[PDB]
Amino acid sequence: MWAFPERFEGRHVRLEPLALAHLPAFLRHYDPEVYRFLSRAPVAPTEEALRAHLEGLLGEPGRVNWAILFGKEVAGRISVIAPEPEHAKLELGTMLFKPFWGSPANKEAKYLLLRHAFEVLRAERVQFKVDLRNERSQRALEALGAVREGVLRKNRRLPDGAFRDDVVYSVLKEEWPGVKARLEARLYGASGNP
């Protein structure tokens, strides 16, 4: 299996293993918009529902999660999903609390994980999967340079029985240097960090 580092350090954020100790941060920043396009969203604006959500993130088979720390605050989390070293691939997904939307946290969390997957673990494929209704994330992935492969129609079902479509994007190892360059221009130097 791939052995990831427990911690990462960037110029804007740092990453550490996501744990129950981070639950208070989720409780301090509840906004339904943050979870509306995620799987297994908290079912209610309560500690019980948020605890169930966090336990689900930590318990999904194979999932590796990190809390994203932006200063002295937990900004959200980033997750490596269904890593398959046999096929040199994985899925990556993030969630940021509302106050951090627009900050450098999301881009740098992805930069750190993408760099590690491609350059250290030699992954060939990193996939992103988002709800077709999640236009914001789709715009971020296009800006990132991820390739839109297609739409898996009715790919997931919600608790109320309704279905949603998933848009699949990917970045291949050959494409990583180009994606890396774009991320760096937006994160560092006079151009990304004035």
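When you see a residue number, it is the position in the sequence shown, counting from 1.
A.B. asks: Between 163-171 and 136-144, point out the one with the higher average CA B-factor as the PDB entry records it.
C.D. replies: On average, C-alpha B-factors are higher across 136-144.
A.B. asks: For the higher mean C-alpha B factor in the entry, choose 5-13 or 182-190.
C.D. replies: The deposited B-factors put 182-190 ahead on the C-alpha mean.
A.B. asks: Maximum C-alpha temperature factor per the entry, among 124, 84, 73, 108, belongs to which one?
C.D. replies: Within the set 124, 84, 73, 108, 73 shows the top C-alpha B-factor.
A.B. asks: If I read the C-alpha B-factors straight from the PDB entry, which of 52, 27, 44, 58 is highest?
C.D. replies: If I rank 52, 27, 44, 58 by C-alpha B-factor, first place goes to 44.
A.B. asks: By its CA B factor, does residue 33 count among the lowest, middle or highest third of the modelled residues in the chain?
C.D. replies: Its C-alpha B-factor, which the entry lists for residue 33, ranks in the highest third among residues of this chain.
A.B. asks: Residue 40: which third of its chain by C-alpha temperature factor?
C.D. replies: Within its chain, residue 40 is a highest-third residue by C-alpha B-factor, going by the deposited values.
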